[PDB]
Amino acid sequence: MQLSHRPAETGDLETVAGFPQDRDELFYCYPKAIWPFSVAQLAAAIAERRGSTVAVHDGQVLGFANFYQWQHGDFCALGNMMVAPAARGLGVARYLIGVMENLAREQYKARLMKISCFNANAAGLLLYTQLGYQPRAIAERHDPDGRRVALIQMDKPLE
């Protein structure tokens, strides 16, 4: 796994928009989106967010993330964490999160990174835990079927 990163480009949209494999996955990484995902929805997120970044290995875009909140000197909140299905479990998210932590520190002088994870996303909860994030609160949300879900709000200090 020889990973690199760069800002997301328009030519990456179709690939990245293909990452969420079902309604549940889309909900976990972009709860405001509507299934099916599309390049227009991805581009709209990019435009209203900051720091949209891809991870690349062996000439393939395998991961994407951005910030949905950014507060200089304070914190950033990581969003839209998406990984290519073939590349899941291989360290892409772990890699990209480290890149995004550096970017929060360097660009925003953030002291903290926030990550919110829906309860059903065990893989996410476990990975963020491995990376040092701690749970702080649980908020009530609703899924696309109007069912109640628990949004676990986590954070991690950045020096």
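The first residue of the sequence shown is number 1, and the count goes up from there.
103-111 versus 36-44 - which carries the larger mean C-alpha B factor in the record:
The stretch with the larger average C-alpha B-factor is 103-111.
Have a look at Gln130, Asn119, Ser116, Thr53 and flag the one whose Cα has the highest B-factor in the entry.
Among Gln130, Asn119, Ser116, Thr53, the PDB entry lists the largest C-alpha B-factor for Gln130.
Compare the C-alpha B factor of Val83 with those of the other modelled residues in its chain, then answer lowest, middle or highest third.
Middle third by C-alpha B-factor.
For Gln134, does the deposited CA B-factor place it in the lowest, middle or highest third of the chain?
Middle third, going by the recorded CA B-factors of the chain.
Quick check for you: using the entry's CA B-factors within this chain, is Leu62 in the lowest, middle or highest third?
As the PDB entry reports it, the C-alpha B-factor of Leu62 lands in the middle third of its chain.
Going by what the PDB entry lists, where does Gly91 fall on CA B-factor within its chain: lowest, middle or highest third?
CA B-factor rank for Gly91: highest third.
Assigned third (lowest, middle, highest) for the C-alpha B factor of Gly18:
For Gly18, whose C-alpha B-factor we compare with every modelled residue in the chain, the answer is the middle third.
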